[PDB]
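A single chain, nothing else alongside it, follows as structure tokens in the form deposited in one PDB entry.
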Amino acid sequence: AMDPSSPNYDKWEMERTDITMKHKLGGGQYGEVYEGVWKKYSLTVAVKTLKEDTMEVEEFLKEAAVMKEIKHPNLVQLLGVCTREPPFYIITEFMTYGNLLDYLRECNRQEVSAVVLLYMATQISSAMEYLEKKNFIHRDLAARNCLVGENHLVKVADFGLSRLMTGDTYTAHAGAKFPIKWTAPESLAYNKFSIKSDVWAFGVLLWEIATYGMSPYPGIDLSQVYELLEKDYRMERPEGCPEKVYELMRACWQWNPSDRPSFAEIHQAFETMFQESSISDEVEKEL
């Protein structure tokens, strides 16, 4: 596939010996993803590989194919693949600060101020606006699936955490493992996923951002979440959150999917949200 004249030529295919494989990334909270070094550039990269004899070879190849079709500053950047023969690799850039959820929980709040949180939320909506217009659905948007780079740059990723994750984030539901607290009602009850269920998840992600990474619906048992949501319960405006930001969360959590804003509308909302007063002024007024 590396031969220019070949009808099977793929500019993404690269020589895997160009990469030095290091240890598994983030301990193992990403599964078979390893830190690697692209020798020629002395560049640290992230390398996703396939688990020992699994039946997700087609899903792996499908993911590689989809990544070749997307290019956006806020989506993890594909650097190359090694899929001509085993072992299959998907290589992407390495993001210095790791996942957004841990970053929010461990950051210097003086640096990562309300302005920066808004910037992070806006960048995420930009990536989703892109996927939206290209007719893609994310299906598992949450802070744990976003990465943070230099200067608070945020990129939306998809680590296929469903089964890798430990703890209560993902629980048994509809024959699969669902991160219930980020799942839209129609997804929970009718297994219907769409860009609108991503919007509902984005609203939960916005709440994660606004609380520096608190876990949603704290103290509520998952077995009562649907009934509560059906009777219009929603997490209250969190401490210090600007009213306008909370209104956007509420819009994302409309019961009817069709009533939720598009990501294009969400991104625009962010860009013009604080034209009469700054978010800093609102976070003071609120407190």
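Under this definition, the rigid core comprises the largest set of C-alpha atoms superposing within 1.5 Å between the forms. Only residues modelled in both forms are compared. A residue's number is simply how far along the shown sequence it sits, counting from 1.
Only in words, not in the display: the form deposited in another entry, which the text now covers.
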- Task: Align on the core first; then indicate which of 236, 69, 232, 52 has a CA shift of 2 angstroms or more between this form and the one not shown.
- Result: 52
- Message: Does residue 275 move appreciably between this form and the one not shown, meaning a CA displacement of 2 Å or more on the superposed rigid core?
- Response: yes
- Item | Note on residue 201-residue 282 C-alpha separation in that other deposited form, which departs from the shown form by 3 angstroms or more | farther
- Relative to what we see here, could you say if residue 122 and residue 275 have their Cα atoms closer or farther apart in that other deposited form, with a change of 3 Å or more? closer
- Large-shift segments between this form and the one not shown, meaning 3+ residue runs whose Cα move 2 Å or more when the rigid core is superposed: 6 to 10, 51 to 55, 272 to 287
